[PDB]
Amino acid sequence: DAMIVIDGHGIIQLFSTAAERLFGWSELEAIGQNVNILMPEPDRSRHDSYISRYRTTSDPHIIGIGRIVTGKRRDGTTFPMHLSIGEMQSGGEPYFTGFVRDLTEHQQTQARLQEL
């Protein structure tokens, strides 16, 4: 679904059209903001340390692995999403690209079948 590109400081550089629909923020609004605006606490307040931690230790926890986490929309509603992260460099600086897959439907179907 969504594609997001951030610098080594967690600041959003590129925000795809699909991401706009998924998170509710427009491209102009999102750009120049910390990526932590797309997640809820406690991850939100710790995301910078997550990046900092990786930039020094170089031990990936999601990069090359992938993980299912909770995303937070503009209207405050949260949702499950699969997150894949890629590391790249441009202009001698590190950039991270995140590919997001909305799993809202999957989760709803699973809960529904469990309820019946």
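The term rigid core refers to the maximal set of C-alpha atoms that superpose within 1.5 Å between the two forms. We number the residues from 1 along the sequence you see.
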key: Which of 56-64 and 25-33 strays further in 7 other deposited structures of this protein - Cα RMS after rigid core alignment   = 56-64
request  = Would you determine, from the values in the PDB entry, which of 56-64 and 26-34 has the greater average C-alpha temperature factor?
outcome  = 56-64
inquiry  = Which third, lowest, middle or highest, does the C-alpha temperature factor of residue 3 belong to within its own chain?
reply    = lowest
message = Where does the C-alpha B-factor of residue 86 rank in its chain, lowest, middle or highest third?
response = lowest
ask   = According to the PDB entry, is the CA B factor of residue 80 in the bottom, middle or top third of its chain, that is, lowest, middle or highest?
value = lowest
